[PDB]
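**Student:** pasting the sequence and an experimental structure:
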Amino acid sequence: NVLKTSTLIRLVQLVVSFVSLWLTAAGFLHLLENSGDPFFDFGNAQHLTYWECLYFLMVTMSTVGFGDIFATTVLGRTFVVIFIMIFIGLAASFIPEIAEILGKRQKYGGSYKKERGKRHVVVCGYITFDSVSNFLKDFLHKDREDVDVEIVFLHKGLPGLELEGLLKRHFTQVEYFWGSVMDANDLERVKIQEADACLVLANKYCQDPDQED
Amino acid sequence: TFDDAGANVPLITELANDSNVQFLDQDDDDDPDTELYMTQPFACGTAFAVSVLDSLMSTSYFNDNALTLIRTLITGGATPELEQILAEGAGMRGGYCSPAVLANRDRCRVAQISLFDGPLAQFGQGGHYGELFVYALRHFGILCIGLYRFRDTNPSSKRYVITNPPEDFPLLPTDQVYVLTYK
Ligand SMILES: [Ca+2]
């Protein structure tokens, strides 16, 4: 019971059921080519290594097919024809679905680190490129006093490309974290006790002002 | 504020989502890893949520009469005859009744008795639960089934439940005792 998450069991099930079957088929193809065909008194034979069979099955599973290594026993060939019909069918799930699951990780996990000299403020609620840019443009404006406050965004979603760009431009005094102020763990991630203030922004253009309040 | 109060008024809150229990109270170190029954508001009895009933399915299969014991305590005595009478669609009928039936006007209730003053006070000053149990059942026909104690001693008003404490468990003069009593 070490694999807690549904996605982790799924992946590990996908990975291991791909490493098995691949290793297994390499052994079966290696047997069929190195034995030769029984129909031809084992005279028709081809001395592959097991590693050349692993390689050959990867270049056929991927449908690349160089043909630098290729099957030559009739049984072998057959097995390749059967194997292609299986592993085109296993293009449903496997490589695309493991890439999906392995990509669904959280980019903006982790914690703020509080220096002793710096102050910070935590900003949450409605966070978007337009609201953040309107906020930053006034909060860090040149006419404002030369205070050195860091701004920590906390929001329950992935930032859009233009917001990642804005955050990159200000990365010297701005941070963003995935999470919600509804969760006491996320309040610790952003070190809210040491924060100087917390700002809650509102979606002024929401479908119902009373639900936003 | 109620000057001629506040956090001293007794409350119970029916929660719809157990994890919102965090917000009912302060000085309580909230953590969403913690299942509802361990949280301070539930231990104080100020927070109820429907999830704590979900084991009653098991208890029925394994001991039907233990659910009928629950049903008779918590309803105050809603017998199968009353839900038959209600299913007839007339609503609760009733009027002055035979002394006969009135006999059932004596049932065990759960109740709270304080050990601050009164005959049992003695056990309060240093005694141990055990003694009380015995003295009570013996002299008053009263079972003691637990304590409701102040969480803070030395200063908030919050108290917590203690189901059936050990025989050698020390009492305080501020404790309240849950009891089953016939009068
Ligand atoms: Ca709390």
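**Tutor:** Nice, I can see it. Numbers count the residues shown, from 1 in each chain, chains lettered A, B, ... in the order given.
**Student:** what sits up against the longest strand along chain B?
**Tutor:** When chain B is parsed with DSSP state E, its longest strand is strand B:143-150. With Cβ atoms under 8 Å, 6 or more residues apart in numbering or on different chains as the contact definition, strand B:143-150 has outside contacts at B:45, B:110, B:112, B:129, B:132-133, B:136-137, B:157-165, B:171-172, B:174-180. To be clear about C-beta, it is placed using only N, CA and C from the backbone, and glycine gets the same treatment.
**Student:** just the buried residues from those residues, in PyMOL please.
**Tutor:** In PyMOL, the members of these classed as buried (16 or more other Cβ atoms under 10 Å in any protein chain shown) are selected with the following command:
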select buried, chain B and resi 129+132+133+136+158+159+162+165+171+175+176+177+178+179
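**Student:** that older thread, the following helix or strand past the longest strand of chain B pairs with which strands?
**Tutor:** Remark: after strand B:143-150, the chain's next helix or strand is strand B:159-163, criterion DSSP states H and E. For strand B:159-163, sheet partners with direction are given as strand B:143-150 (antiparallel), following DSSP bridges.
**Student:** closest residue of chain B to chain A?
**Tutor:** Closest approach of chain B to chain A (Cβ to the nearest Cβ) occurs at residue B:30, with a separation of 5.1 Å.
**Student:** ok, for that residue, nearest residue in space, not its chain neighbours?
**Tutor:** With Cβ to Cβ, 6 or more residues apart in numbering or on different chains as the criterion, residue B:30 has its nearest non-adjacent residue at 4.1 Å, and that residue is residue B:22.
**Student:** please apply the same query to residue B:180.
**Tutor:** Setting aside the residues directly before and after it, residue B:180 is nearest to residue B:143 in space (Cβ to Cβ, 6+ apart), at 4.5 Å.
**Student:** may I have the phi/psi pair for residue 95?
**Tutor:** Went with chain A since none was named. phi -40, psi -50 (degrees, to the nearest 10).
**Student:** that answer is for a different chain, and I need it for chain B
**Tutor:** Here is the backbone geometry of residue B:95 (degrees, to the nearest 10): phi -160, psi -180.
**Student:** just the terminal-to-terminal distance for stretch A:62-73.
**Tutor:** Between the opening and closing residues of stretch A:62-73 there is a gap of 22 Å (Cα to Cα, to the nearest Å).
**Student:** give the residue farthest from the middle of chain A.
**Tutor:** Among the residues of chain A, the one whose C-alpha is farthest from the average of all C-alpha positions is residue A:41, by Cα atoms, centre = their mean at 52.1 Å.
**Student:** run a quick neighbour tally on the residue of chain B closest to chain A.
**Tutor:** Neighbour count for residue B:30, taken as other Cβ atoms under 10 Å in any protein chain shown: 17.
**Student:** my read: it touches residue A:183, true?
**Tutor:** No. Taking contacts as Cβ atoms under 8 Å, residue B:30 lies outside contact range of residue A:183: 9.7 Å.
**Student:** can you give me the strands for chain B?
**Tutor:** Secondary structure of chain B, counting by DSSP E: strands at B:13-15, B:47-49, B:109-114, B:143-150, B:159-163, B:176-181.
**Student:** tell me the contacts of residue B:179?
**Tutor:** Listed by Cβ under 8 Å, 6+ apart, the contact partners of residue B:179 are B:110, B:111, B:112, B:113, B:136, B:142, B:143, B:144, B:145.
**Student:** need the residues that contact stretch A:66-81.
**Tutor:** Applying Cβ under 8 Å, 6+ apart, the set of residues contacting stretch A:66-81 from outside is A:28-29, A:32-33, A:35-39, A:44-46, A:48, A:52, A:55-56, A:59-60.
**Student:** how long is that stretch from one end to the other?
**Tutor:** End-to-end distance of stretch A:66-81 (Cα to Cα): 16 Å.
**Student:** quick one: that stretch to chain centroid distance?
**Tutor:** Counting by Cα atoms, centre = their mean, to the nearest Å, stretch A:66-81 is centred 36 Å from the centre of its parent chain.
**Student:** show me which residues of that stretch are buried.
**Tutor:** When neighbours are counted by 16+ other Cβ under 10 Å, the buried residues of stretch A:66-81 are found to be A:69, A:71, A:73, A:75, A:76, A:79, A:80.
**Student:** identify the farthest-apart pair in the residues you listed.
**Tutor:** Considering Cβ to Cβ, no two members of the buried residues of stretch A:66-81 lie farther apart than A:69 and A:75, which are separated by 16.6 Å.
**Student:** name the SS class of residue A:23, please.
**Tutor:** Here residue A:23 is recorded as helix under DSSP: H, G, I helix; E, B strand; the rest coil.
**Student:** of the contacts of residue B:179, which is the nearest to the ion?
**Tutor:** The closest of the contacts of residue B:179 to the ion turns out to be residue B:112 (Cβ to the ion; 26.3 Å).
**Student:** what about whichever residue of chain A sits closest to the ion, neighbour count?
**Tutor:** Nearest residue of chain A to the ion: residue A:184, at 8.7 Å (Cβ to the ion). The burial count assigned to residue A:184 is 15, neighbours taken as other Cβ under 10 Å.
**Student:** can you name the residues that contact it?
**Tutor:** Residue A:184 makes contact with B:22, B:30, B:31, B:32 under the criterion Cβ under 8 Å, 6+ apart.
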